[PDB]
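Listed below, chain by chain, are the residues.
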Amino acid sequence: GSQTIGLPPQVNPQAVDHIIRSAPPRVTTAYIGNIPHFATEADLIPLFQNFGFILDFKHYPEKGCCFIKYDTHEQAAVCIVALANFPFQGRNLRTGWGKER
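Residues numbered from 1 in each chain as written, not as in the entry; some residues may be left out. Heavy atoms only, no water.

Structure determination for this entry, per the PDB record, employed solution NMR.

Here it is as structure tokens:
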């Protein structure tokens with residue numbers, strides 16, 4: 001097999017690999033729940049961008065959830081595990097695959 005392995009300093013593709021298995025390789029959206037009312041895109045959009053790229057971010061403070069769209073699916077898997085039960089402005093957030101609900 002060709003030498004193709006990605007071992008980044010942050011986030012692990014292993015524990016994240018299981019995430020993708022819970023969704024199609026086509027879809028590429030990161031769902032973050034448990035967001036405070038004082039959480040705007042100005043502080044969130046960039047909090048996710050650092051991951052890769054954001055073509056469209058949907059923040060819903062009225063419900064406490066946001067959906068970030070990336071270029072590839074693997075891009076969402078990274079932030080997915082990284083945001084998994086991660087601290088944010090004192091409050092922790094959630095992670096998952098953008099779903100109706």
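Having seen the structure, we can now continue with the description.
Right, let's talk about the overall build of the protein for a bit. Of regular secondary structure, the protein possesses three helices and five strands. Order of helices (α) and strands (β) in the protein, N terminus to C terminus: α-β-α-β-β-α-β-β. Relative to a compact globule of 101 residues, whose C-alpha radius of gyration would be 13 Å, the protein shows 14 Å and is just as compact. If one aligns the C-alpha atoms of the protein with their principal axes, the spans along those axes are about 50 × 25 × 20 Å. Looking at the 101 residues of the protein, the share that counts as buried comes to 37%. Across the protein, contacts joining residues at least 24 apart in sequence account for 60% of those joining residues at least 6 apart. Carbon and sulfur atoms provide 50% of the accessible area of the protein, an area that totals close to 6900 Å². When the 9 basic and 8 acidic side-chain charges of the protein are each reduced to a single mean position, those positions are 8 Å apart. (Helix = DSSP H or I, 4+ residues; strand = E, 2+ residues; numbered from the N terminus. Rg over C-alpha atoms; globule rule 2.2 N^0.38 Å. Buried < 20%, exposed > 50% of the residue type's maximum accessible area, 1.4 Å probe, protein only. Contact = heavy atoms within 4.5 Å. Areas by Shrake-Rupley, 256 points an atom, 1.4 Å probe, with all protein chains shown as cover. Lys, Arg positive; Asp, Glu negative; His and termini not counted. Charge placed at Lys NZ, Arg CZ, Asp CG, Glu CD.)

What follows deals with the layout of surface pockets. By volume, the largest pocket amounts to about 360 Å³. Contributing to the lining of the largest pocket are 14 residues, with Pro8, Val11, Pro13, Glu74 and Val78 lying nearest its centre. Counting residues per element, the ones that place at least two in the lining of the largest pocket are helix 1 (13-20) and helix 3 (73-83). The greatest single-element share of the lining of the largest pocket, amounting to four residues, is contributed by helix 1. One number sums up the size of the second largest pocket: a volume of about 160 Å³. In terms of lining, the second largest pocket is formed by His18, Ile19, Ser22, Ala23, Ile80, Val81, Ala84, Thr95, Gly96, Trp97 and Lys99. Among the elements of the structure, helix 1 and helix 3 are those that each provide at least two residues to the lining of the second largest pocket. Taken together, the residues that form the lining of the second largest pocket break down as six nonpolar, four polar and one charged. (1 Å grid on protein atoms, 1.4 Å probe; cavity = no way out; pocket = protein on both sides within 12 Å on 5 of 7 lines; lining within 4 Å. Points joined across faces, edges and corners; volume = space filled by probe spheres on them. Nonpolar A, V, L, I, M, F, W, Y, C, P; charged D, E, K, R; others polar.)

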